[PDB]
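Only one chain is shown below, in structure tokens, and it's the form deposited in one PDB entry.
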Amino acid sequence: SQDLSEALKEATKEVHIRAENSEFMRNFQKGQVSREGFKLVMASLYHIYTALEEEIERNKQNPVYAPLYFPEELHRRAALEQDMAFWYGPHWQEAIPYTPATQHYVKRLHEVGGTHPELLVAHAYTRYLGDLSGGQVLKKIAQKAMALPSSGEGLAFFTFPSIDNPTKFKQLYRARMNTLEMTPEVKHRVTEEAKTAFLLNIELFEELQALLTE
């Protein structure tokens, strides 16, 4: 049939266009982004990734994910912790927010990681394949807007020190992604979960936009 890496690209091209042009994003690309909303986004990602990576570890030995286990090159938890200490200070752990939409996302992550590990790959895709495609353009909007150092403090999340060429790594990852055992049943559910992952995102951005509009 059709390769998984391309079945997912197709299955999410529509919803990607709705997320890329959601209100919050539309605002971010306008350079209009306060420290307040940015910290909000970063804190939320910290929870999302802490959940995703905690589940990837639980299933790293599992053949439904194993081929994609790249902690040293992809994982964001460590980088996000550095960003949390930078934005929220030393005791950020007891100061960061945990909004409802974020909880919904984390809840789903644990469900998949605990009971539908074969779908776990739909979330690594949505999250990591995305981070290797445009954390370059938005990175620059951020630095400009808030006056952040080229050195990287406060933007650890956006850097990949162990990956030289993200485009090339992304290609490798796609190929590896296509070596996983796939059956109609699984290929169907996996792409379906990727659309859900996008919606959880779109929902999260609508919720943050709401909060910021005091």
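The numbering used is simple: start at 1 and walk along the sequence shown. Take the two forms, find the largest set of C-alpha atoms that superpose within 1.5 Å, and that set is the rigid core.
Although it is not shown, the form deposited in another entry is what the next lines describe.
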C-alpha displacement of 2 Å or more between this form and the one not shown on the rigid core, among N27, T159, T50, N178: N27
Large Cα shift (2 Å or above) at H104 between this form and the one not shown, core-fitted: no
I141 C-alpha moves between this form and the one not shown by 2 Å or more, core aligned: yes
Cα separation of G31 and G152 in the other form versus here, shift of 3 Å or more: closer
Cα distance between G135 and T196, which in the other form differs by 3 Å or more from this form, closer or farther: farther
